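# Per-entry structural report
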Amino acid sequence: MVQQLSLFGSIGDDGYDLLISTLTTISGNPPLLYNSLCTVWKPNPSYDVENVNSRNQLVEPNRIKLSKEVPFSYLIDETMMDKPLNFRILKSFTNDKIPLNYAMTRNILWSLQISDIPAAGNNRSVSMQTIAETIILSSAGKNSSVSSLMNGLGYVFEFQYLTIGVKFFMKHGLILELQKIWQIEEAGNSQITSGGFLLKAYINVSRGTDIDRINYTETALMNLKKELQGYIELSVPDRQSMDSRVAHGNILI
Amino acid sequence: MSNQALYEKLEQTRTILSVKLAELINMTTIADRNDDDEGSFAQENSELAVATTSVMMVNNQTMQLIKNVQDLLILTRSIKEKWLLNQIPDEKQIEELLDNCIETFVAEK
Amino acid sequence: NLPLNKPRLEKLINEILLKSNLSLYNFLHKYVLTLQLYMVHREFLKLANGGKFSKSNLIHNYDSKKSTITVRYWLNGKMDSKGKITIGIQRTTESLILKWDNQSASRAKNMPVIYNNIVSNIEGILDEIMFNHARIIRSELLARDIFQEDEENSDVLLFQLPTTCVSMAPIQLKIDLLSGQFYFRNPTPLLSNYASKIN
Amino acid sequence: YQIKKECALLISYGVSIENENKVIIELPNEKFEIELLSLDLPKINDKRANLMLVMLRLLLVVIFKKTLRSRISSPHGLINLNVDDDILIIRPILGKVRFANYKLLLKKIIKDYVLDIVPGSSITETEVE
Amino acid sequence: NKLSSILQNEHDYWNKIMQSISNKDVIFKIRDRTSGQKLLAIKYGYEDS
Amino acid sequence: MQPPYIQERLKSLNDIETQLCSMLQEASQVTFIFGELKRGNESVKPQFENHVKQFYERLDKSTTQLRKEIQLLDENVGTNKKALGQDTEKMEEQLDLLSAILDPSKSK
């Protein structure tokens, strides 16, 4: 469980290369390639959860995220082994098509994660969100599989998507991510972040009670934002967009 | 920023042109003009204050020309400085090399 | 060559003499002693950054109101003693003196406890105090007759231990001149463990 | 500076520091002196000293590369070098020399107590990775 | 005449500076502690290495 | 050495201040000639037109070229890093030295 303090933004791919150089001028570090695959699961509507205390609202149903890393050998087509595995490959990832299709992901079926809507009030300068996390290491039995496990808990699959981007590690534990997101269905693959990169700068705090640390984290994030003034505008997203409860449906992408 | 420098050089050039025309007309008609017609407007009422106004013109044109040229030169150097500063931009053989080095030291130690 | 404030000194001395009933000499002596103490503290600060005693060997605390310096050494020493030194103005001679506050040094014979010329040879005085404390501890151990005397080396203690059933051999234990922990020449894991236990 | 901080922990094995610019290593048959000196006949072991300097520089470069790799790997990890673990400069050379000395000593012991006593013994030397 | 003589003098020093300086290197302007003016400085340490 | 683009940029700038110096010099000669023209000798009258025309054409195109340079500044935007490899190159050279030490036939 962490308090994640975050700021968001977006950029057009035209400046992409330039942006990268500037980051290396500041951090002093080179970018590192990465990828991931997230699957979202929701409580089964076939089961009537009368246990939701309607007269008191002790709790509301929520959605579970399962993440995993996928090797690049599934994301590189027959035209791309010649180039080395570095960040420049992202320049060729502008098409809505991608080597990883629905059948391979179905064949695949980790990190389990749950979150809450950010803190209310208009006196917050950065998006503060609470995250509860655990890890699944292995399994066994006659039906050892992620799908069977989540159906045993009482959850069913809803959708999935694939993230590819680069990471920058700066001082004080600040992490800056440049991402491209591909939604995947049997109908096909569609790039929601079409013609651009999604930028997200964030820090993690282990204990929410410590307030000196939280103040330091906010100071670092606002200093970073004030450093990038004039190039990219980093902003607090909409509090109602980062809500992932089942009752109301929307997805920040 | 750069647009401000553009504008500043603009008044720099127009001021050069205007002061040039002013000193030209002043020195050309420095020979005082007497015309009986009322249309002409040239007055030399107090004798020596005429020379005072003349040296006035001299000092003004000197100071303004020198200052403008020096400002332009400093501007050019500043541009060049901005140009310079602001523009942000086998293993196996080693294995036998170290093996020979370490065995040589072991023999020689 | 010090940049003395000549005019301020002129007015100060003139005012003192006008209000004088002696006092000027006392003030001058006090200022000289304070300046000497301050420059001694500055030398300590310069040395501590890169000195041999940087790693917690020596700690110095300076008080301007009492104009005295307390020096604590060998923090990891529990042999019924605590290494303490006091640098301060002597009442009888009105001079800055260094005293090694130790009862073992108090009853020790033919061994001076008070030293002068601290500025010139502070390092030499510290080395002498270190060696004297080590010698006192070694002499106490010899008096207890647990370690035999080493003729070749006066700072090495011989402990008799049987390596085998018939063998009866000495082991050389030495005293660190910086922090003062006993150590063996080639300690075995058990020997190292018991040396740490001794420490 | 790294040599000083590393050798401050090797007093128990016969390594000492003379002054702020000199360190001394003693071996049952040899002596090594490392000095930092201001500018103000080819012997047998001159190449030995040059090689020692070269490998010391190489080990420092390796330390720098390890530091950079650890820094890039993760942001949270505070980069505070451990003297017992990270600083490895004199340890490999000293270990090689003393291991050679002990290998010679055990060779002599085996020859005296086995080879000279029991004829026909066959000895094979191997290194295991 | 005075302006031409002086000015060509600083072009002489200017050309000396231009053709005397080589280049990758971390170069910036710093304010001297004693002088207080802007001077060119180069970072050559291993701090970032 | 610097990349060439900066080299011709600095060459153009140097040409700019040399042109400014030439403009000042020509101002000096035109001021000189106007004195004797006021004195009353008409022989150097034809030279006056040439001097004025050359002075004005030197004043104009210099500012035009400087304007072009400042414009180049407009589109040139968007178009310790060495430390990231610095240790590496140091590493390389050190091993090279070892090679020279390792081979006694090359130490001559």
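Residues numbered from 1 in each chain as written, not as in the entry; some residues may be left out. Chains lettered and ligands numbered in written order. Part of a larger assembly, values for the part shown. Heavy atoms only, no water.

Determination of this PDB entry was carried out by cryo-EM to a resolution of 3.3 Å, according to the record.

### Some points on the overall build of chain A
Rule in force here: The helix count covers DSSP runs of H or I at least four residues long, the strand count covers runs of E at least two residues long, and both are numbered beginning at the N terminus. As a reference, a globule follows 2.2 Å times the number of residues to the power 0.38, and the radius of gyration itself is taken over C-alpha atoms. Burial status follows relative accessibility: with a 1.4 Å probe on protein chains alone, a residue under 20% of its type maximum counts as buried, one over 50% as exposed, and anything between as partly exposed. We treat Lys and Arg as the positive residues and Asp and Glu as the negative residues; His and chain ends play no part in the count. Every charge is mapped to an atom, namely NZ of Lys, CZ of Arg, CG of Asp or CD of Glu.
Along its length, chain A carries four helices and nine strands. Reading the secondary structure of chain A in the N-to-C direction produces β-α-β-β-α-β-β-α-β-β-β-β-α. Expected size for 253 residues packed as a compact globule is a radius of gyration near 18 Å; at 20 Å, chain A falls within 12% of this value. Reported as C-alpha extents along the three principal axes, the dimensions of chain A are approximately 55 × 50 × 30 Å. Each of the 253 residues in chain A was classed as buried or not, and the buried ones make up 40%. In chain A, 22 positive and 24 negative side-chain charges are present, and the distance between their average locations comes to 4 Å.

### Concerning the sheet that holds strand 7 (residues 156-161) of chain C
Within a beta sheet, neighbouring strands are joined by backbone hydrogen bonds and run either parallel or antiparallel to one another. Residue and element names in this part refer to chain C. To keep it simple, the criterion reads: Between any two strands, pairing holds if DSSP finds at least two bridges.
Read across the sheet, four strands follow the order 6-7-8-9 without closing on themselves; strand pairing throughout is antiparallel. Edge positions in the sheet fall to strand 6 (148-149) and strand 9 (182-184), since each of these pairs with one other strand and no more. One ladder, built from six bridges, connects strand 7 with strand 8 (residues 169-175); its direction is antiparallel. Along strand 8, the bridge assignment pairs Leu161 with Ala169.

### A word on the interface of chain F and chain B
Keep this limit in mind: A contact between two residues is defined here by any heavy atoms of the two lying within 4.5 Å. The quantity reported as buried area is the accessible area (1.4 Å probe) lost by two parts once they are put together, taken as the sum for both. Salt bridges are defined as contacts in which a side-chain nitrogen from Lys or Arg sits within 4 Å of a carboxyl oxygen from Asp or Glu. The classification used treats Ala, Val, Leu, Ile, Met, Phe, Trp, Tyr, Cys and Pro as nonpolar, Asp, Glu, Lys and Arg as charged, and all other residues, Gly among them, as polar.
Contacts between chain F and chain B engage 29 residues on the former and 24 residues on the latter. Carbon and sulfur atoms supply 82% of the area that chain F and chain B bury against each other, a total of about 2,400 Å² over both sides. For the chain F face of the interface with chain B, the top three residues by lost area are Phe34, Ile70 and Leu73 of chain F, together amounting to 18%. There are zero salt bridges connecting chain F and chain B. At the level of secondary structure, the elements contributing two or more residues to the side of chain F that touches chain B comprise helix 1 (4-39), helix 2 (45-76) and helix 3 (83-102) of chain F. Among the residues making up the side of chain F that touches chain B, the classes are represented as 18 nonpolar, four polar and seven charged.

### Regarding the packing of aromatic side chains
Going by this rule: Paired rings are identified among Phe, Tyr and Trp, the last through its six-membered ring, by centres lying within 6.5 Å, and are further divided according to the angle between planes into stacked (under 30 degrees), edge-to-face (over 60) and tilted (the rest).
Taken as a whole and judged by the stated rule, the model has eleven aromatic pairs over all chains. Geometrically, the ring pair formed by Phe93 of chain A and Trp182 of chain A is edge-to-face, given 6.0 Å between the ring centres and 70 degrees between the ring planes. Summarising the burial analysis for this pair, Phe93 of chain A and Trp182 of chain A share the class buried. Arranged with centres 6.3 Å apart and planes meeting at 45 degrees, the rings of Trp83 of chain B and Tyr5 of chain F form a pair that is tilted.

### Side note on the pairing of strand 8 (residues 188-191) of chain A
Residue and element names in this part refer to chain A. By the alternation rule, side chains of strand 8 split into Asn189 and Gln191, which are all buried, and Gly188 and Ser190, of which none is buried. Two elements, strand 7 (residues 175-185) and strand 8, share four bridges in a ladder whose sense is antiparallel. Bridge assignment links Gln183 to a residue of strand 8, and that residue is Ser190.

### What to know about the sheet that holds strand 3 (residues 30-35) of chain D
Residue and element names in this part refer to chain D. What counts is decided by this rule: Under this scheme, a helix contributes an axis fitted over its contacting stretch, all axes are lines through C-alpha atoms, and angles between N-to-C directions fall in the 0 to 180 degree range.
Reading across from one edge, 1-2-3 is the order of the three strands in this open sheet, with antiparallel pairing throughout. The outermost strands of the open sheet, each flanked by one partner alone, are strand 1 (15-19) and strand 3. Averaged over neighbouring strand pairs, the angle between their axes works out to 20 degrees when direction is ignored. Pairing of strand 2 (residues 22-27) with strand 3 involves six bridges; the strand directions are antiparallel. For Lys22, the partnering residue across the bridge sits in strand 3 and is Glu35. Contacts from helix 3 (residues 90-115) reach strand 2 and strand 3 within the one sheet, and its direction differs from that of strand 2 by about 20 degrees.

### A closer look at the packing of helix 2 (residues 47-86) of chain B against helix 1 of chain F
As a reminder, the rule being used: If an angle is under 35 degrees, it is roughly parallel; if it is over 145, roughly antiparallel; if it lies from 65 to 115, roughly perpendicular; otherwise it is oblique.
Relative to each other, helix 2 of chain B and helix 1 of chain F sit at 175 degrees, their axes nearing to 11 Å. In terms of their interaxial angle, helix 2 of chain B and helix 1 of chain F are classed as roughly antiparallel. Taking contact as the criterion, the partners of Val69, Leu72, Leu73, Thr76, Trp83 and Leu84 of chain B in helix 2 of chain B are, on helix 1 of chain F, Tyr5, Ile6, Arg9, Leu13, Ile16, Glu17, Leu20, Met23 and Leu24 of chain F. Grouping the amino acids of the contact of helix 2 of chain B with helix 1 of chain F by side-chain chemistry returns twelve nonpolar, one polar and two charged.

### Observations concerning the arrangement of the chains
When the ten pairs of chains in contact are ranked by number of contacts, first place goes to chains B and F. A minimum C-alpha distance of 28 Å separates chain A and chain C, which share no contact. There is a gap between chain B and chain C: no contact, and a shortest C-alpha distance of 22 Å.

### Let's talk about a negative patch on the surface
Residues and elements named next belong to chain B. This is how it is decided: Note on patches: the residues involved have over 30% relative accessible area and no salt bridge, like charges join within 9 Å, and the nonpolar side chains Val, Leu, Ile, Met, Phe, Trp and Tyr join within 5 Å. Method for areas: the Shrake-Rupley scheme with a 1.4 Å probe, in which residue coverage is limited to the protein chains shown.
A cluster of acidic residues, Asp90, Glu91, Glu96, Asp99 and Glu103, forms a negative patch on the protein surface. Examined against the element boundaries, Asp90 turns out to sit in the loop between helix 2 and helix 3 (92-108). For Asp90, a relative accessible area of 58% puts it in the exposed group.

### A short note on helix 2 of chain F
How we decide: An expected span of 1.5 Å times one less than the residue number is assigned to each helix.
For helix 2 of chain F, built from 32 residues, the straight-helix expectation of 46 Å at 1.5 Å per residue is met to within 8% by its first-to-last C-alpha distance of 48 Å. Listed in full, the buried residues belonging to helix 2 of chain F are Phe55, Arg58, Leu59, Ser62, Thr63, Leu66, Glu69, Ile70 and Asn76 of chain F. Of the surrounding elements, those touching the buried residues of helix 2 of chain F are helix 1 (2-28) and helix 2 of chain B together with helix 1 of chain F. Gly78 of chain F, located one to two residues past helix 2 of chain F, shows a positive phi value of around 85 degrees.

### Points about a nonpolar patch on the surface
Residue and element names in this part refer to chain D. Residues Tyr102, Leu105, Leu106, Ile109, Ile110, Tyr113, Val114, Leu115, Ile117, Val118 and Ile123 make up a contiguous nonpolar surface patch of about 1,000 Å² in total accessible area. Note on placement: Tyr113 falls in helix 3. The class for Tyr113 is exposed, based on a relative accessible area of 63%.

### A word on the environment of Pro30 of chain A
Along the chain, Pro30 of chain A turns up in the loop between helix 1 (16-27) and strand 2 (32-43). When the C-alpha atoms of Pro30 of chain A and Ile89 of chain A are compared, they prove to be 15 Å apart, with 59 residues separating the residues in sequence. Setting aside residues no more than four positions away along its own chain, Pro30 of chain A makes contact with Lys167 of chain A, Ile72 of chain D together with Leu84 of chain F.

### Thoughts on the pattern of salt bridges
All names here are of chain A. Per the stated rule, a full pass over the model turns up 24 salt bridges over all chains. Measuring nitrogen to oxygen at the nearest pair gives 2.8 Å for the salt bridge that ties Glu60 to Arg245. Residue class for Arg245 comes out partly exposed when judged on its relative accessible area of 22%. Between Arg63 and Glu158 there is a salt bridge, and its shortest N-O distance comes to 3.4 Å.

### Overview of the side chain of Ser36 of chain A
Looking at the secondary structure, you find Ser36 of chain A in strand 2. Among all residues touching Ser36 of chain A, those that are not within four sequence positions of it are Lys68, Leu162 and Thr163 of chain A.

### Some details on the nonpolar core
Keep this limit in mind: Only buried residues count toward a nonpolar core, which is a set of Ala, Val, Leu, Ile, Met, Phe, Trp, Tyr and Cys residues joined through side-chain atoms within 4.5 Å.
Core analysis: the biggest nonpolar cluster contains 39 residues, and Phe168, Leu176 and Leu178 of chain A have the highest contact counts within it. Where this core is concerned, the elements lending two or more residues are strand 1 (2-12), helix 1, strand 6 (155-169), strand 7, strand 9 (196-205) and helix 4 (211-227) of chain A. Listed in part, the 36 residues of the second largest apolar core include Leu33, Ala108, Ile137 and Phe184 of chain C.

### Points about helix 2 (residues 23-50) of chain C
Residues and elements named next belong to chain C. For helix 2, built from 28 residues, the straight-helix expectation of 40 Å at 1.5 Å per residue is met to within 8% by its first-to-last C-alpha distance of 41 Å. Considered for burial, the residues of helix 2 that qualify are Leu24, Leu33, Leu37, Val40, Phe44 and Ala48. Tucked inside the fold, the buried residues of helix 2 contact helix 1 (6-19), strand 1 (58-63), strand 2 (68-73), strand 3 (83-89), strand 4 (96-101) and helix 4 (118-143).

### Side note on unusual backbone geometry
Residue and element names in this part refer to chain C. The backbone of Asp80 shows a phi angle near 55 degrees, a positive value even though the residue is not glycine. Along the chain, the position of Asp80 falls in the loop between strand 2 and strand 3. Although it is not a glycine, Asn110 sits at a positive phi angle of roughly 45 degrees. Residue position: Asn110 is located in the loop between helix 3 (103-107) and strand 5 (114-115).

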